[PDB]
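Before any questions on binding or motion, here is one chain by itself as structure tokens, the form deposited in one PDB entry.
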């Protein structure tokens, strides 16, 4: 396939901004013989996040507008479409993780398992019925799994942020952020998130 050409292809794509292209080359690379060289590993997260997050954004706004009837049938209609593009990415990557990444790793374990909880979390926001539950739980047992592989050889602090804000707590953000002070964007971020909650 030429893994290192798919890699040097995604890079080009990122420099050219086309993220759906980048996430594509990086998915091809990931489903080869894994172990994603540090550049590749980030390239994966950077491409997929530019993609997913975009829909996460669209979905946010079109939903704000769906709430504030027919202008809502037409808004539910669109939101249903932007939720699909979204679900398709989270599934696309979720598989990559559980199926090739998380089971092929030390630090990278919590980097990935954080990402598993992350995308599942995006699926939870967007979920529906009991579906909602089965998913939001899966977000926890992944975040909490990376969390447990934190007090180890330590991404870690970054997890705190996500996982903490997954609960919505502020408590957990201090703790993380408190153990970070005795180590003396990431640090201020959850300090900042405490101004909120």
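Residue numbers count along the first chain shown, from 1.
Colleague: I'd like the number of residues from the deposited sequence that lie between residue 168 and residue 169 yet are not in the model, binned as none, 1 to 3, 4 to 9, or 10 or more.
Modeller: Per the deposited record, the segment joining residue 168 and residue 169 lacks coordinates for 4 to 9 residues.
Colleague: For the step residue 184 to residue 185, what size class fits the number of deposited residues with no coordinates, none, 1 to 3, 4 to 9, or 10 or more?
Modeller: The entry leaves 10 or more residues without coordinates here.
Colleague: Could you check which stretch, 70-78 or 88-96, carries the larger mean CA temperature factor in the entry?
Modeller: For C-alpha atoms only, the mean B-factor is higher in 70-78.
Colleague: Going by the mean C-alpha B-factor recorded in the entry, which is higher: 23-31 or 37-45?
Modeller: Result of the comparison: 37-45.
Colleague: Select one of 61, 172, 54, 128: the residue whose C-alpha shows the highest B-factor in the crystal structure entry.
Modeller: Of the candidates given, the C-alpha B-factor peaks at 128.
Colleague: Just the C-alpha B-factor column, please: which of 140, 150, 162, 50 has the biggest number?
Modeller: Among 140, 150, 162, 50, the highest C-alpha B-factor in the entry belongs to 150.
Colleague: Where does residue 1 sit by CA temperature factor within its chain: lowest, middle or highest third?
Modeller: It falls in the top third of the chain.
Colleague: Taking only the Cα B-factors deposited for this chain, tell me whether residue 180 sits in the lowest, middle or highest third.
Modeller: As the PDB entry reports it, the C-alpha B-factor of residue 180 lands in the highest third of its chain.
The same protein also exists as the form deposited with a partner chain bound; that form is not shown, yet it is the one meant from here on.
Colleague: Want to guess which of 130-138, 48-56, 33-41, 145-153 is within 4.5 Å of the partner chain in the deposited bound form, heavy atoms only?
Modeller: Of the options, only 48-56 has residues within 4.5 Å of the partner.
Colleague: For the spot marked by 165, 189 and 197, is every residue within 4.5 Å of the partner chain in the deposited bound form through some heavy atom?
Modeller: So, yes: the whole triplet contacts the partner chain.
Colleague: Taking heavy atoms only, is residue 161 within 4.5 angstroms of the partner chain in the deposited bound form?
Modeller: The answer is yes: residue 161 has a heavy atom within 4.5 Å of the partner chain.
Colleague: Taking heavy atoms only, is residue 121 within 4.5 angstroms of the partner chain in the deposited bound form?
Modeller: Because a heavy atom of residue 121 falls inside 4.5 Å of the partner chain in the deposited bound form, the answer is yes.
Colleague: Is there any non-hydrogen atom of residue 116 lying within 4.5 Å of the partner chain in the deposited bound form?
Modeller: Taking the distances in the deposited bound form, the answer for residue 116 is no, it never comes within 4.5 Å of the partner chain.
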